[PDB]
Structure formats: C-alpha cells, structure tokens
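UniProt numbering puts the first residue of the sequence shown at 3, with every later residue one more than the last. For every residue, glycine included, the Cβ atom is placed at its ideal position computed from N, Cα and C.
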Amino acid sequence: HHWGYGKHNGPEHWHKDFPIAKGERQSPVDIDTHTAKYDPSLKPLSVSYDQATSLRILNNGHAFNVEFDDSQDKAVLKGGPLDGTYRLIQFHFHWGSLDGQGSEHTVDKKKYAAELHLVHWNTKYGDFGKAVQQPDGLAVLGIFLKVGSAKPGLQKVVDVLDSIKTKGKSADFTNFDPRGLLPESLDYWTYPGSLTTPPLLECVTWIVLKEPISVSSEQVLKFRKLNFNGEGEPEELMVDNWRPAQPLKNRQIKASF
Ligand SMILES: NS(=O)(=O)c1ccc2ccccc2c1
Ligand code: NA
Ligand SMILES: [Zn+2]
C-alpha cells in the first residue's frame, strides 16, 4: 500500500507515511499574482543548458524522468534568487486527465494542463542525496504547459513514451536538449518550498516561470497513454499525477517582474 494519486493512496493520504506533508513549507502553492511582491533585488535567471547531457528516460511509476549527467558542471541554473550553482539532474512533468487540470502550482487559482519541473541540486552539497537534506539544497524550475500549438522541442520526448509505457521501463535518451522546453521569457515567481512527491522534503527554492509553453493536444494525449502500473498488470493510465496547492503559511512569493 504505497503512495500514489488515488482515493486511498493519493495526496490526502501522504501525511501518514510522510508527516512533513503538513509542514511549514510545502509545495505546490497557489501564486496570488496580486500579493506576490516585486523584488527589484532579484536577478535574471541564468539557465546554461548548452552542455547538457541527456542520458536516459525513465518511467518511475509516478511520472517519467529525463535524466542528465550531473557528474560535472554542465547544465546549470544560477542567478535568479539563488546563491551559487545548481546542476540539472532530471526533468519530469505532472499532468491531468483533462486539459483543465494537471499543474501543481496554480496562478490566481488557474490550473494549467501540465507542469514541467527541471530539477537542480546545489553543488555546495556534492550530490543530490545530500542536497535534499538541506533547506537550500534544490532549485526546481517550474514551467506551465497549456494546450494549443505544438512544442517542437517536446516531440522527441513524446515519441519515446511508447518505449517506456509502464513503470520501471527506461530507454536511452541522449542528445535531448532541454532548451527546447523553455518559453521566451524567464520572468519568474519564487518562494521556499518542498518536493511535491514523497518524501516531501523542505529543500527546494521554487522558481516558477510566468510565461507558459504551448503543447499540442496530441502531445499531452501521449502523456496520458503512459501507465502507472508495471507490465503485466491491469492498466492504470498515468493521469492526474499532481499534488494540489498547499497552505502558504505566510511565506512570501516574490516576483522578478
Ligand atoms: N516534483 S518535484 O518537487 O520536482 C521532485 C523533484 C525531485 C525529486 C526527487 C525524489 C523525490 C521526489 C522528488 C520531487
Ligand atoms: Na489540437
Ligand atoms: Zn515535480
């Protein structure tokens, strides 16, 4: 009886195994655009993904992760609200059963169709597993997806999904360039929060871009054909793999713009 996204194991149950689920800095949150504070001290986000080395894509049973080589300073995030340098380890998405839901963060209660999380760890902690034990260990860049025009830079990911349909499947995924997933603007909101799946650790500086990317209906429909089950088990479509907004608990969300 492990956690996942249902009536009996979904987000409202997670606190029994991970009591930090009711903590002081949980994610996601609703971003109240009118109450977010413009902070002139915030710097442009520096996203330096030229040398990224995509290795593999994995169906982990909750989402799919596109993995990177994080054994050298290659793809790194810095600037923004960050001190120091954060290495890209993986990205994944959360999405809905319907276009009207799927994002984790919300904007004035608006839910997007999906949300991309580019996960980075602070190089001062030496690797990811140590970083998650620190309050400034991770920086997750969140990007909303809306359904409209296709995102051409997403298609390589969509087309490999049939090869990783079920939990535990992986496939080689080299030369994937995550720059093709970024909107034009890097304007952002930021706040201190947590992992949005167990273990829900309170180790994340969230950086949520204001500008969404457009993906096609056909692209998100392919997300929705993935499976949360493993091969040889009854089919459970991988949909609605998002945690609802959690209490802000008087954290301030700061705007770069
Ligand atoms: N969804 S999220 O907050 O970006 C996220 C990112 C990295 C994770 C690594 C392990 C467990 C949970 C994780 C959650
Ligand atoms: Na369409
Ligand atoms: Zn995530």
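For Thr-168, the nearest candidate out of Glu-233, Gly-98, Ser-258 and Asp-75 (CA to CA) | Selected option, being the one with the closest Cα: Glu-233.
Which whole runs of the beta strand (DSSP E) in the segment 99-186 are 3 residues long or more, in chain order?
-> Segments of the beta strand (DSSP E) lying fully in the segment 99-186: 116-124, 140-149 and 172-174.
Should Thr-108 be listed as close to ligand 1, given that the test is whether its C-beta is under 7 Å from any heavy atom?
-> No, since every heavy atom of ligand 1 falls outside the 7 Å radius drawn around the Cβ of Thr-108.
Residue burial classification, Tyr-40 (beta-carbon count within 10 angstroms, cutoff 16) = exposed
To the nearest angstrom, report how far apart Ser-187 and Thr-37 are at their CA atoms.
-> 21 Å
Between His-17 and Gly-25, what straight-line distance do the alpha-carbon atoms span, to the nearest angstrom?
-> 10 Å
Beta-carbon contacts of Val-149 that lie in its chain and below 8 Å, excluding the five residues immediately before and after | Taking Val-149 as the centre and dropping the five residues before and after it, the same chain places the C-beta of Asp-101, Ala-115, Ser-216, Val-217, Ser-218, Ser-219 and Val-222 closer than 8 Å to its C-beta, in chain order.
On the three-state DSSP scale, how would you describe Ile-33?
-> DSSP places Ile-33 in strand when its eight states are reduced to three.
Where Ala-247 and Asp-110 are concerned, what is the direct C-alpha to C-alpha distance, given to the nearest angstrom?
-> 11 Å
Report all residues from its chain with a CB closer than 7 Å to the CB of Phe-70; omit the five preceding and five following residues, and keep chain order.
-> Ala-54, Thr-55, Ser-56, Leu-57, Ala-77, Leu-90, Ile-91 and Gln-92
Rank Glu-204, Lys-171, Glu-237 and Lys-251 by C-alpha distance to the C-alpha of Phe-66 and give the top, closest one.
-> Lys-171
Could you give the distance in angstroms between the alpha-carbon of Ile-166 and the alpha-carbon of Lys-45?
-> 38 Å
Cβ-heavy atom distance between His-96 and ligand 3 below 7 Å?
-> yes
Grab the span of the beta strand (DSSP E) containing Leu-79 for me, first residue to last.
-> 78-81
With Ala-141 and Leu-79 assumed to form a contact (beta carbons below 8 Å), what rounded beta-carbon distance in angstroms separates them?
-> 5 Å
Could you check where the alpha helix (DSSP H) with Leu-223 kicks off and where it finishes?
-> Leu-223 -> alpha helix (DSSP H) spans 219-225.
Below 8 Å on the Cβ atoms is my guess for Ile-209 versus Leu-47; work out the distance and round it to an integer in Å.
-> Indeed, because the Cβ distance is near 6 Å, the residues count as touching under 8 Å.
Can you name the residues that DSSP bridges to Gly-86?
-> BP columns for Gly-86 are empty, so no partner.
Since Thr-207 is in the beta strand (DSSP E), which residue starts that stretch and which ends it?
-> 206-211
Please look up how many angstroms separate the CB atoms of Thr-125 and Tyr-88, rounded, as I've assumed it's under 8 Å.
-> The C-beta distance from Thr-125 to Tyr-88 rounds to 7 Å, short enough to fall under 8 Å.
Sorry if obvious, but does the Cβ on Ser-218 come closer than 7 Å to a heavy atom of ligand 2?
-> yes
Residue(s) in a DSSP beta bridge with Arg-58 = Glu-69 and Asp-174
Around ligand 1, what residues have a beta-carbon under 5 Å from a heavy atom of it, in chain order?
-> Chain order is used for the residues whose beta-carbon lies nearer than 5 Å to a heavy atom of ligand 1, namely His-119, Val-121, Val-142, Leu-197, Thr-198 and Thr-199.
What's the C-alpha gap between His-119 and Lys-9?
-> 25 Å
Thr-192 - partner residues in DSSP beta bridges = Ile-209 and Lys-256
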